[PDB]
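Participant: Structure file structure_2.pdb (PDB, C-alpha atoms) right here:
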```pdb
ATOM      1  CA  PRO A 123     179.009 107.674  81.003
ATOM      2  CA  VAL A 124     177.821 104.778  78.858
ATOM      3  CA  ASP A 125     174.207 104.563  77.674
ATOM      4  CA  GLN A 126     172.781 102.356  75.013
ATOM      5  CA  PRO A 127     169.992 101.758  72.528
ATOM      6  CA  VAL A 128     168.250  99.572  75.063
ATOM      7  CA  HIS A 129     165.151  97.369  74.944
ATOM      8  CA  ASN A 130     162.556  95.714  77.161
ATOM      9  CA  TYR A 131     160.749  92.442  76.466
ATOM     10  CA  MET A 132     158.601  90.568  78.943
ATOM     11  CA  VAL A 133     157.723  87.266  80.894
ATOM     12  CA  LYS A 134     154.715  86.464  82.942
ATOM     13  CA  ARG A 135     151.904  85.466  85.681
ATOM     14  CA  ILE A 136     147.944  86.119  85.839
ATOM     15  CA  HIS A 137     144.736  85.308  87.998
ATOM     16  CA  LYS A 138     140.947  84.140  87.969
ATOM     17  CA  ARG A 139     137.995  83.328  90.497
ATOM     18  CA  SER A 140     135.357  80.271  89.946
ATOM     19  CA  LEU A 141     131.454  80.695  88.882
ATOM     20  CA  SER A 142     127.678  80.510  88.216
ATOM     21  CA  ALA A 143     124.442  82.743  88.610
ATOM     22  CA  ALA A 144     121.063  82.037  90.423
ATOM     23  CA  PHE A 145     117.526  80.814  91.143
ATOM     24  CA  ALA A 146     116.141  77.317  92.309
ATOM     25  CA  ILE A 147     112.609  75.687  92.660
ATOM     26  CA  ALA A 148     110.629  72.361  92.463
ATOM     27  CA  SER A 149     109.505  69.508  90.259
ATOM     28  CA  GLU A 150     107.352  70.966  87.468
ATOM     29  CA  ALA A 151     109.561  69.442  84.795
ATOM     30  CA  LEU A 152     108.564  65.809  84.696
ATOM     31  CA  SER A 153     105.680  66.484  87.070
ATOM     32  CA  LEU A 154     103.715  67.369  83.999
ATOM     33  CA  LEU A 155     106.308  66.731  81.287
ATOM     34  CA  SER A 156     104.730  63.329  80.975
ATOM     35  CA  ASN A 157     102.287  64.560  78.249
ATOM     36  CA  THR A 158     103.307  66.160  74.852
ATOM     37  CA  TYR A 159     100.457  65.421  72.138
ATOM     38  CA  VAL A 160      97.738  62.890  73.423
ATOM     39  CA  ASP A 161      96.502  63.224  77.127
ATOM     40  CA  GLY A 162      95.084  66.430  78.584
ATOM     41  CA  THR A 163      92.302  67.058  76.142
ATOM     42  CA  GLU A 164      89.787  69.540  77.530
ATOM     43  CA  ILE A 165      90.302  72.167  80.136
ATOM     44  CA  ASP A 166      93.790  73.165  81.330
ATOM     45  CA  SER A 167      93.006  76.712  80.202
ATOM     46  CA  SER A 168      94.529  78.749  83.010
ATOM     47  CA  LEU A 169      97.152  76.066  83.361
ATOM     48  CA  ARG A 170      98.864  77.080  80.198
ATOM     49  CA  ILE A 171      97.490  80.595  80.431
TER      50      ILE A 171
ATOM     51  CA  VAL B 124     123.017  78.982  99.584
ATOM     52  CA  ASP B 125     119.907  81.006 100.091
ATOM     53  CA  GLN B 126     116.497  79.824  98.837
ATOM     54  CA  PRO B 127     114.502  80.684  95.727
ATOM     55  CA  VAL B 128     113.659  83.999  94.012
ATOM     56  CA  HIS B 129     110.131  83.503  93.198
ATOM     57  CA  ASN B 130     107.397  84.441  95.621
ATOM     58  CA  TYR B 131     104.928  87.292  95.208
ATOM     59  CA  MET B 132     104.199  88.777  98.599
ATOM     60  CA  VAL B 133     100.674  89.572  99.668
ATOM     61  CA  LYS B 134      98.573  92.563 100.704
ATOM     62  CA  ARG B 135      95.588  94.440 101.888
ATOM     63  CA  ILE B 136      92.272  96.350 101.616
ATOM     64  CA  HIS B 137      89.998  98.860 103.454
ATOM     65  CA  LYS B 138      86.343  99.920 103.460
ATOM     66  CA  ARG B 139      83.910 101.964 105.575
ATOM     67  CA  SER B 140      82.155 105.295 105.096
ATOM     68  CA  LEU B 141      82.319 109.063 104.499
ATOM     69  CA  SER B 142      79.070 110.887 105.309
ATOM     70  CA  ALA B 143      77.256 114.174 104.597
ATOM     71  CA  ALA B 144      73.682 115.427 105.059
ATOM     72  CA  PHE B 145      71.324 118.190 103.877
ATOM     73  CA  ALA B 146      68.310 118.629 106.139
ATOM     74  CA  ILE B 147      64.983 119.853 104.705
ATOM     75  CA  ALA B 148      62.443 120.866 107.346
ATOM     76  CA  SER B 149      58.859 119.663 107.566
ATOM     77  CA  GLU B 150      57.669 123.138 106.912
ATOM     78  CA  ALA B 151      59.572 122.692 103.523
ATOM     79  CA  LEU B 152      58.268 119.899 101.194
ATOM     80  CA  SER B 153      54.458 120.673 101.179
ATOM     81  CA  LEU B 154      54.766 124.108  99.934
ATOM     82  CA  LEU B 155      56.855 121.796  97.751
ATOM     83  CA  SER B 156      53.771 119.940  96.486
ATOM     84  CA  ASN B 157      51.340 121.061  93.797
ATOM     85  CA  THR B 158      47.962 119.322  93.532
ATOM     86  CA  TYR B 159      47.893 122.104  90.933
ATOM     87  CA  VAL B 160      46.700 124.094  93.938
ATOM     88  CA  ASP B 161      49.353 126.584  92.858
ATOM     89  CA  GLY B 162      49.405 128.865  89.803
ATOM     90  CA  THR B 163      47.338 131.253  91.685
ATOM     91  CA  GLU B 164      48.776 134.642  92.432
ATOM     92  CA  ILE B 165      50.388 133.833  95.939
ATOM     93  CA  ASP B 166      52.988 131.019  94.953
ATOM     94  CA  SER B 167      55.064 132.086  91.715
ATOM     95  CA  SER B 168      57.086 135.235  92.461
ATOM     96  CA  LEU B 169      58.462 134.515  95.911
ATOM     97  CA  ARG B 170      58.668 131.180  94.129
ATOM     98  CA  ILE B 171      61.614 132.769  92.272
ATOM     99  CA  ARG B 172      63.299 134.278  95.359
TER     100      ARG B 172
END
```
Take the structure I supplied and represent it as structure tokens, if you would.
Facilitator:
Amino acid sequence: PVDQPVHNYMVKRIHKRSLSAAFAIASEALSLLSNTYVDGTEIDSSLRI
Amino acid sequence: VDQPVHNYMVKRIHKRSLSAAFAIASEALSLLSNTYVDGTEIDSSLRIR
């Protein structure tokens, strides 16, 4: 019987699954982010070490 | 949630002993002393042995 030069095109649906990645600690930031080029003159050696 | 990444667990040390002797008799250290009393034909050869 009948048989044709046939074709196949295409219409759609697709998925996804919400994020981040980890660690979490305390208040260093400001806790000594108050300085930055005057105060703290002498001896925080091992501090920045 | 669990709670942060960032500790560095702590540990341990020994001490004590490990012993070993070598016992030299009394009879043994005077014919191990000189006073230059020796040099005198009954100390040098059996000295070697």
Participant: Given all atoms listed in the file, how would the per-residue table for chain A near chain B read, listing every residue at most 7 Å away with its closest atom pair and distance in Å to one decimal, sorted by chain and number, as CSV?
Facilitator:
```
residue,atom,partner,partner_atom,distance
A:145,CA,B:127,CA,5.5
A:146,CA,B:127,CA,5.1
A:147,CA,B:127,CA,6.2
```
Participant: Just to confirm, what's the straight-line distance from atom CA of residue A:144 to atom CA of residue B:132 in Å (one decimal)?
Facilitator: 19.9 Å
Participant: May I have the residues within 10 Å of stretch 149-155 of chain B as a list in words, using only C-alpha atoms and disregarding those fewer than 3 positions away in the same chain?
Facilitator: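 Within the cut-off, the hits are residues 146, 161, 166 and 170 of chain B.
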Participant: Emit a file covering stretch 134-166 of chain B of the preceding structure with N, CA and C atoms, as an mmCIF file, in the first residue's frame.
Facilitator:
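File out-v2.cif, as written:
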```
data_model
loop_
_atom_site.group_PDB
_atom_site.id
_atom_site.type_symbol
_atom_site.label_atom_id
_atom_site.label_comp_id
_atom_site.auth_asym_id
_atom_site.auth_seq_id
_atom_site.Cartn_x
_atom_site.Cartn_y
_atom_site.Cartn_z
ATOM 1 N N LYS B 134 44.010 16.408 69.504
ATOM 2 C CA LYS B 134 44.743 15.155 69.677
ATOM 3 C C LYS B 134 45.792 15.177 70.799
ATOM 4 N N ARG B 135 46.777 14.261 70.685
ATOM 5 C CA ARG B 135 47.274 13.444 71.797
ATOM 6 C C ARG B 135 48.778 13.195 71.816
ATOM 7 N N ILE B 136 49.338 12.892 73.014
ATOM 8 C CA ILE B 136 50.767 12.524 73.092
ATOM 9 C C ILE B 136 51.073 11.512 74.204
ATOM 10 N N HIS B 137 52.156 10.729 74.010
ATOM 11 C CA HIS B 137 52.730 9.825 75.018
ATOM 12 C C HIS B 137 53.997 10.353 75.689
ATOM 13 N N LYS B 138 54.582 9.487 76.528
ATOM 14 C CA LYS B 138 55.967 9.523 76.996
ATOM 15 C C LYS B 138 56.327 8.132 77.545
ATOM 16 N N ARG B 139 57.483 8.009 78.231
ATOM 17 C CA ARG B 139 57.711 7.093 79.368
ATOM 18 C C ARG B 139 59.167 6.653 79.498
ATOM 19 N N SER B 140 59.521 5.576 78.791
ATOM 20 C CA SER B 140 60.755 4.846 79.071
ATOM 21 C C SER B 140 61.017 3.841 77.953
ATOM 22 N N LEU B 141 62.236 3.279 77.934
ATOM 23 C CA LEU B 141 62.597 1.987 77.335
ATOM 24 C C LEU B 141 64.031 1.674 77.768
ATOM 25 N N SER B 142 64.244 0.643 78.597
ATOM 26 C CA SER B 142 65.483 0.558 79.376
ATOM 27 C C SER B 142 66.389 -0.620 79.008
ATOM 28 N N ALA B 143 67.697 -0.462 79.253
ATOM 29 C CA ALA B 143 68.663 -1.521 78.966
ATOM 30 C C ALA B 143 69.997 -1.295 79.664
ATOM 31 N N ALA B 144 70.491 -2.331 80.352
ATOM 32 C CA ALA B 144 71.707 -2.237 81.152
ATOM 33 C C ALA B 144 72.868 -3.026 80.559
ATOM 34 N N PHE B 145 74.003 -2.936 81.261
ATOM 35 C CA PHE B 145 75.289 -3.544 80.925
ATOM 36 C C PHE B 145 76.240 -3.595 82.126
ATOM 37 N N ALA B 146 76.210 -4.684 82.897
ATOM 38 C CA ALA B 146 76.687 -4.618 84.285
ATOM 39 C C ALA B 146 78.132 -5.066 84.474
ATOM 40 N N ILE B 147 78.995 -4.130 84.876
ATOM 41 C CA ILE B 147 80.435 -4.352 84.989
ATOM 42 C C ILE B 147 80.754 -4.625 86.452
ATOM 43 N N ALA B 148 81.354 -5.777 86.742
ATOM 44 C CA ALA B 148 81.550 -6.180 88.130
ATOM 45 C C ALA B 148 82.549 -5.272 88.849
ATOM 46 N N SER B 149 82.566 -5.376 90.181
ATOM 47 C CA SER B 149 83.621 -4.717 90.943
ATOM 48 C C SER B 149 84.978 -5.253 90.526
ATOM 49 N N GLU B 150 85.073 -6.562 90.396
ATOM 50 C CA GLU B 150 86.385 -7.083 90.118
ATOM 51 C C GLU B 150 87.012 -6.352 88.931
ATOM 52 N N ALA B 151 86.184 -5.570 88.126
ATOM 53 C CA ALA B 151 86.363 -5.233 86.672
ATOM 54 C C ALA B 151 86.980 -3.831 86.341
ATOM 55 N N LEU B 152 86.684 -2.794 87.102
ATOM 56 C CA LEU B 152 87.216 -1.466 86.758
ATOM 57 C C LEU B 152 88.609 -1.137 87.373
ATOM 58 N N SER B 153 89.046 -1.804 88.467
ATOM 59 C CA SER B 153 90.452 -1.493 88.911
ATOM 60 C C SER B 153 91.464 -2.138 88.029
ATOM 61 N N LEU B 154 91.361 -3.466 87.777
ATOM 62 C CA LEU B 154 92.346 -3.756 86.735
ATOM 63 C C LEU B 154 91.981 -2.976 85.457
ATOM 64 N N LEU B 155 90.829 -2.229 85.455
ATOM 65 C CA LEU B 155 90.775 -1.012 84.619
ATOM 66 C C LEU B 155 91.218 0.316 85.251
ATOM 67 N N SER B 156 92.224 0.392 86.126
ATOM 68 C CA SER B 156 92.885 1.698 86.280
ATOM 69 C C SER B 156 94.405 1.627 86.331
ATOM 70 N N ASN B 157 95.088 2.680 85.869
ATOM 71 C CA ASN B 157 96.509 2.567 85.566
ATOM 72 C C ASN B 157 97.374 2.869 86.790
ATOM 73 N N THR B 158 97.325 4.115 87.281
ATOM 74 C CA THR B 158 98.417 4.701 88.079
ATOM 75 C C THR B 158 99.778 4.485 87.421
ATOM 76 N N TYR B 159 99.767 4.227 86.119
ATOM 77 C CA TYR B 159 100.951 3.756 85.398
ATOM 78 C C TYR B 159 101.610 2.574 86.108
ATOM 79 N N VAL B 160 100.881 1.965 87.042
ATOM 80 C CA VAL B 160 101.308 0.704 87.628
ATOM 81 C C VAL B 160 101.455 -0.392 86.583
ATOM 82 N N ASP B 161 101.022 -0.158 85.346
ATOM 83 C CA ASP B 161 100.926 -1.232 84.387
ATOM 84 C C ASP B 161 101.773 -0.820 83.177
ATOM 85 N N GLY B 162 102.278 -1.796 82.413
ATOM 86 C CA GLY B 162 103.363 -1.538 81.470
ATOM 87 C C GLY B 162 104.587 -2.385 81.790
ATOM 88 N N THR B 163 104.319 -3.610 82.253
ATOM 89 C CA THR B 163 105.095 -4.191 83.336
ATOM 90 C C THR B 163 104.925 -5.741 83.391
ATOM 91 N N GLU B 164 105.717 -6.553 82.708
ATOM 92 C CA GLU B 164 105.162 -7.644 81.860
ATOM 93 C C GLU B 164 103.986 -8.563 82.387
ATOM 94 N N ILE B 165 103.132 -8.226 83.398
ATOM 95 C CA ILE B 165 101.907 -9.073 83.567
ATOM 96 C C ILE B 165 100.535 -8.299 83.473
ATOM 97 N N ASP B 166 100.397 -7.295 82.562
ATOM 98 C CA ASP B 166 99.153 -6.621 82.132
ATOM 99 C C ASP B 166 98.843 -6.473 80.562
#
```
